Structure formats: C-alpha cells, structure tokens
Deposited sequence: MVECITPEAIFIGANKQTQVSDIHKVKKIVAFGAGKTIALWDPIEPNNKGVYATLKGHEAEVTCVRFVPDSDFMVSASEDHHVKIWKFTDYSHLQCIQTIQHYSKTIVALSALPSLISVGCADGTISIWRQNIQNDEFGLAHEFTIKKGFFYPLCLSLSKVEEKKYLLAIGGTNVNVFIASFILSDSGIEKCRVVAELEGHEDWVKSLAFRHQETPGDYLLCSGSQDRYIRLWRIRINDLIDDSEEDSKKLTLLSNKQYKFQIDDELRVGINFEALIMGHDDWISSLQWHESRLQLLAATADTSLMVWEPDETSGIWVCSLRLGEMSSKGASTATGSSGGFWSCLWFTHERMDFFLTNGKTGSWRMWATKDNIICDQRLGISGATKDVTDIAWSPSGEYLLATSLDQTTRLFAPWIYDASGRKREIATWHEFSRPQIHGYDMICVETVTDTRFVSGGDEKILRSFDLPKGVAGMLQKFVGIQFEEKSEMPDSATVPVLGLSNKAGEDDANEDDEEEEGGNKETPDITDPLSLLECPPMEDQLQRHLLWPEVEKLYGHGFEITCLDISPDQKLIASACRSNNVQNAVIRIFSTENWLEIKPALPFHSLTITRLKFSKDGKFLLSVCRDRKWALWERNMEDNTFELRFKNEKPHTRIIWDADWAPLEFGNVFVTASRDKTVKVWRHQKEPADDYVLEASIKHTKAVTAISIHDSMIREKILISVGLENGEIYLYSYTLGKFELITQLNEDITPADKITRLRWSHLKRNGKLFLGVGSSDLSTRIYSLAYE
C-alpha cells in the first residue's frame, strides 16, 4: 500500500569541495557516490540523510548552493555540471546538464546568477543564467598559461554591482586573482590582474569574506604547505611589505595586500569556511583537526580560539542556530562529525550521520529482525537499528535509524554476512577466512535501552563507532585457500553453509560447519560449477538451495540425524543467464523457492510428487534489466506472499504472488531507489508499528531501509 523511505546510510565522498549548507534552510548537501545526499542537521527527531539526488554517472566532486536563490550546482567525475532547482522546501530536481567539458570538474564557486567552473584540463569558465529562463549559458572561459596548470579551488566576490573578482588556486604556489565586468548577455574586461605570492606549495582552498565594512574585506587561502594566508582587499581607499594594485576599469581601483599567516603545523589545509557575520575562520586539516581562528580582542593578531577532534578531514561547514553555532566535517570513514557551542568557550558533540564509502556487498537482519548488518568494500561491517525509545523508556515520536555499532573496521574485501543468532554473526570474503563475532556487553545495553532489544543519552558518536563498539572475534574458520562467496544459517541456528568459489582448477564447494563445536562436517558438497551466487536453507531446514553463475540450481537434501547432505534435485537449464539470487517462501504457502537471474526473469519453483518428484516451473515474470536480488517476506500478507525484486540499475519492485499469478503492488518511485546495482534485498522478520521493513544494499554505497504499511 504505502511505502516510506525510512533511512538512508551513505558515506561522504573524500574531496574538499563536496559539501555545502543552505544559509536559510540549514540543509546540508554533500557528494555521496554518484548522488548528492541531503541531510537536515537539526531535524527534531535526528533524522539522518533523507534523500539522494541522482543523475550524475560518476563520483560527485563539488556541491555549492547558489546564494540567495533556489538553485544548486554540482560537479562529477563524469565531466558534467548539473543545475538543480528546489521543487518543494526540501527537494530539488535537475534542470540543466552542462556537457561542455572533457575532463573531471574540480572546483565550483557560485554567486546570484553566476557560476565559476574549474576543469581538470585547465579550463576556468564563468556561467551566468539567462534572465528569461533559468538556464545557465557560457559567458567566457580562459586558461592560466603556466604549463599544465589546472585549478583546485575557486571563489567569487561581488565588489560593486556588475563588477566581480575571481580567485583561482591550484597546481601553483601563487593565488591568481582575476577581474571581470557584467554586461548584456555575458561579460567583458575579464583578465588576470594579480598573482598573490607567498605560499610554497599548491593552493587547495580559497574563500572571500563579505563586506561587513563597505569596501574592506578579506580573502583566505589554504595550501599544501600547512599554512593559511589572509589577504586584505580594498577599493579606491587603499595605500618587505607589498600590495597588488589593479584597475577593474576606469572607475574601480582595487588594492590587495598580505595581512596574516596562520598555522603551518597540522598537515595540508583541507577546507576553509568564513562565518556570516562574525569575523572568524573555520579550518579543517589532513591530520583530523578542526580549528576556529579569530583576531584577538586586544592585540588584533589571529589566534586559535577553539580546537576540535584530534585520518583527516576533507570539508567543513558552519551554521548558527538558537544562539549557538555548529561545526561540521567529514572524515575518512565517510561519517559526518558535529559539535555545538554556547560560545567559543563550551561545546558538546551532537549526533551525526554515517555510511559506507565503497560498494555495499551484503546485508543480513538479526533473526528477531530488530537490527540490520551490512558489509562494504570500505572494510567495515555496520549495524543499523531504529531509535525507538529515549533514555526514560518513553517511545520517540519518530523512530529514526542510526548506526549503533561498527563490528568490523579492518575487513579485507568482505562480500557476505549472515546472522547466526541475535548476538552472534559470521562474515567472510576474499580473505579466504571466515570470521565470527559476538555482541559485546556495551553494545548490548545500548540496543536494549534505545532499540528495545531484550536479552547514554543518544546513539553512538563517530568516536565510539571507530574504536569502542567493535565486536570481539570469537572464531577463525579457514577455507584452506578458497575464496568465500556467500553463506546461510539453518533455521535451527545449528549449521553454517559456506559457498567457496572455484580457483579455475577445483570447482565450487559447499562447506558445512557446526555452530556448537565450530568443526567442519566433513562430507563436503562438490559441484560441476565455478561460482555459487547464493545458498538458502529451506524454511524447515530439510533442504539447501543452490544457484550458480553457470545458470543451474541444485537442491541438497539434509539428513536430520547425521547433518549430512545428498544431491536430490537439479536443473541444468532453468535460466538463460547467471542466477544472482534465490529465496524460499513461507511453508504455509507451500514447498516453493524463487530464483532471480541476469536473463531478466524471476521464476517460481514448486515441488510436486506427480510425475516426476521434482521442483517444476510454476510461473515467470520478465523485467527491463537484470534481476540481482530477491526477497520473500517471512510472514504472509493478504493471503499471498510478498516479493521484493532488485534490478541491476537500482530499480525495486514489490509484488504479491499467488499460485501462478504475479501482481504488481508498486514500483518504488525513481526518487527513493538506489542509483546502481542492488546487491541484496532482505525483508525483516519483525512487524512493527503496523509496518513491514525492507533492507537494501547497493553499489550506490548506501544501505537503505523502507517500510510498507499493511494493517
């Protein structure tokens, strides 16, 4: 019936220009994979990322809000620049795609009706939007003819009406200042006027400050030489030592001069944010330092008034709310850290957002269905759960989801996870090893307090997730040099089934381990196939389903006394292409399993004793793209079964299936689905708040939660 995007967990890209914040709305927009994630940093219920803007075909690199407007500019490694416009108070849509560039866009800077673009081929362009429509047209572009120079940062400043400055920093030790004038349908008098020198390495961040005092404002530059330089700009009323004068025209005379030097002892300068209207400077560095610099009240020299954090920080943001001011910054794990201060004196850390930075490979709910696990190539296993209760046992108005634990942070290329119990899980990958972990005492009391799972003031901070909420490894299992591809637990939680793929010599094999003694049950299952893509124990544990890349499926009958297996059913032409995923249906529906294949079809297989004893094809359904994930809900909804279907391009479908007929409940709106391959779909056993819950992992970089309302 009704579908809600409950939660989106996606990590922030690691570039210095990826993030920005709307001055009026306080909405944080940052590049996250191919998408632009939107975060309300001060939502009353602590909601994290609530939407991801799709469109770019490669990693988003720059994001900037057009000041005093409803527009937003973004850039990507796809060489494109996109113009977005607000449709409601919180969401935007793409209105223009600039395909003028051949290499990655590196820097952006925006002012009302103006955009400054920097490309990795050396091009610097000025775009101003037409007045009739909202389309942005190329006004003029040029190049700094200094070898293979290309810009790494840009900053615009409106000096007077129709007259602008453009700061350029990149692969050069000098800050280039250009000046142009606004004219009918473009610009003129655009040339480089000054080369502010002083830095000793590449300039990585630039930012002009606004004119609180008419005609006298500041420009801060950050370099890879660990320093920040402050430059004073004046107009008409100007005067070692140096000062770079130039004329924007026969009636405007600018004078720039060095004013202050800061830091120099905390690695590269990652990001610099001025604050409106106070005269303070926020700086993020590459050694995980976030500092506020302001001129002393007595001596006037610049001095650090606040220090936060300690790796590295890439971007930082700054907004004021309720007489306090908030500091944002993203780290190596793609997580946003946040602080709040009455004043530069006191502060406390506020709840942030988190997510993977590389493709999400697998997910798995706990047997109870109260939390979700997800692994990523970013070498982390992450646990997400809803914040249902406050500290007093009262139920929160909205149960927003958060990462409550990071069981693993140093896992080499995991591609599969599965929960043994509510307190233990197993994980594997190309390590050629299978690791199992227990739920520690700390995480326990936290899930019990805020999530209600029975067995501080708010969910964890990034500090606690990186080195306190790790699960202790309890068991090492060796595949004897064979890479793992997937696994499953028997319903009784007494058996592991590990799928190991072929080394192009020996074929695939299924290894069975006991959860009690963690010893292999030695009759290993061989194959005439190379890569098993998914194993699944039947609901009653009687059979072990198998699907392979070479288009086959095979059912292994279980001996309930010896815990051994014997091939009983097989099919060598059930599908035309790779079978990516399979899942059983509730026994109350029958003896049924479903397959999903690269051949774009989902097929249902029901057991029949009639001639012959075998699982035969019952129904099929074709799609537009390859089907990569499928999940049947543990319970039955409206006397039928509920099937979620994930495609290679990110689309998700929800079906109700009865004997011989599929029924499209709905295709999830294109604005809430992932932007790439769904790697796993998993319903949650739990029914809560009259809602079913669906967990999704994708090459998006994201782990997403959806709800479905039935009764």
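Student: What ranges of the deposited sequence, counted from 1, have no C-alpha atoms in this structure?
Tutor: Several stretches lack coordinates - namely 1-2, 242-254, 326-338, 484-532, in sequence order.
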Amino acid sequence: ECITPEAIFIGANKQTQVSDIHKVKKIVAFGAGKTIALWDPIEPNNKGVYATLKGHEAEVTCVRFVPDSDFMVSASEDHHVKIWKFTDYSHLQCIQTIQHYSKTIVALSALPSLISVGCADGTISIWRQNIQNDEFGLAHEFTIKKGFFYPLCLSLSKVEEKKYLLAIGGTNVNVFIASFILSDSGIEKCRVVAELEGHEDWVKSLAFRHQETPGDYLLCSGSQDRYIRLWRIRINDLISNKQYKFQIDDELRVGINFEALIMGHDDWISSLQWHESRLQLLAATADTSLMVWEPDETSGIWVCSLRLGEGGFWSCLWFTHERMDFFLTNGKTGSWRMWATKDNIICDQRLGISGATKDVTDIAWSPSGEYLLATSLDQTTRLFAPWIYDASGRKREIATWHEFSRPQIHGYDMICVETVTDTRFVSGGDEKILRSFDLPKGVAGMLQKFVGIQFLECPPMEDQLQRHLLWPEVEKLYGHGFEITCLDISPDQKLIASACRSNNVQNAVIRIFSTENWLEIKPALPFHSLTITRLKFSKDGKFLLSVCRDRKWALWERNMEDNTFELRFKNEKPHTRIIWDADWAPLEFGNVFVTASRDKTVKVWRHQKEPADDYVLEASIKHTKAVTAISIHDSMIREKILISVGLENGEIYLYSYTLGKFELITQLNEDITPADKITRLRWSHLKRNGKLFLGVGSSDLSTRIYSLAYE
From here on, numbers count along this sequence of modelled residues.
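Student: With reference to the PDB entry, specify whether the mean Cα temperature factor is higher for 615-623 or for 423-431.
Tutor: That would be 423-431.
Student: Got a sec? Mean C-alpha B-factor, which is higher, 271-279 or 589-597?
Tutor: Averaged over C-alpha atoms, the B-factors run higher in 271-279.
Student: Which one of 406, 606, 633, 191 shows the biggest C-alpha B-factor in the PDB entry?
Tutor: Largest recorded C-alpha B-factor: 191.
Student: In the PDB entry, which of 373, 153, 131, 260 has its C-alpha at the highest B-factor?
Tutor: Comparing C-alpha B-factors across 373, 153, 131, 260, the maximum falls on 131.
Student: Using the B-factors in the PDB entry, rank residue 644's C-alpha atom against the chain and give the third, lowest, middle or highest.
Tutor: As the PDB entry reports it, the C-alpha B-factor of residue 644 lands in the lowest third of its chain.
Student: Within this chain's modelled residues, let me know which third the CA B factor of residue 43 belongs to: lowest, middle or highest.
Tutor: CA B-factor rank for residue 43: middle third.
Student: Would you check the entry's CA temperature factor for residue 55 and let me know if it's in the chain's lowest, middle or highest third?
Tutor: Ranked within chain, residue 55 CA B lands in the lowest tercile.
Student: By the recorded C-alpha temperature factor, relative to the other modelled residues in its chain, which third is residue 650 in?
Tutor: Lowest third of the chain for residue 650's C-alpha B-factor.
Student: Using only modelled residues of the chain, where does the Cα B factor of residue 355 rank: lowest third, middle third or highest third?
Tutor: It falls in the bottom third of the chain.
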